[PDB]
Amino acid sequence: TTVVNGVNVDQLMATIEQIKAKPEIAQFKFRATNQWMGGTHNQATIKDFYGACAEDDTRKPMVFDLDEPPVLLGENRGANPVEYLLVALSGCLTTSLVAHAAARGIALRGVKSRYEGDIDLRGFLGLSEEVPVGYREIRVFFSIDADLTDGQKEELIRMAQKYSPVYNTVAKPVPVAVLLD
């Protein structure tokens, strides 16, 4: 009665009450660093973050290699950056779905999902002023194993989207300032 879907709902409840009292606690900052490794290969590191009124440098660094397939001028030294964007979207939607279900006391047995997005490289290459540079659209499907109706499953999915930071960062315009140091 303290844990649903492997989420500690007591901790969730305490976090919500803490934020209601002191909204400043809810301000988080996430960070990365990246070093170019030649050609299409580069390496990103995740380490510290800020939140709940303090810097947190407690985690072992998490290192990621990004590259391209040969047709996009790389050697598959890692997944490509637009693939990493789908990874991020998939983790966020899944967590948002599961955590919102947990908060409602809705048990789920299994969750999986699939993702496909369309990109026309004429954008990246500056060959057409029509074509978007980014994803034109992304299509996601979820499968949920639970004692729920299809309508109730669809509701969980709508709530997942509504509360997902990565979903909303994709679907809405978010400003990105890129500067010389």
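Residue numbers here begin at 1 and follow the sequence given.
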Mean C-alpha B factor from the entry: is it higher for 136-144 or for 59-67? 59-67
Mean CA B-factor: is it higher for 147-155 or for 118-126? 118-126
Per the PDB entry, maximal CA B factor within 12, 25, 21, 170: 21
Lowest, middle or highest third: where is residue 86 by Cα B-factor in its chain? lowest
Grab the CA temperature factor for residue 112 from the record and place it in the lowest, middle or highest third of its chain. lowest
Please rank the C-alpha B-factors of the chain's modelled residues and tell me whether residue 73 sits in the lowest, middle or highest third. highest
Chain-relative CA temperature factor third for residue 41: lowest
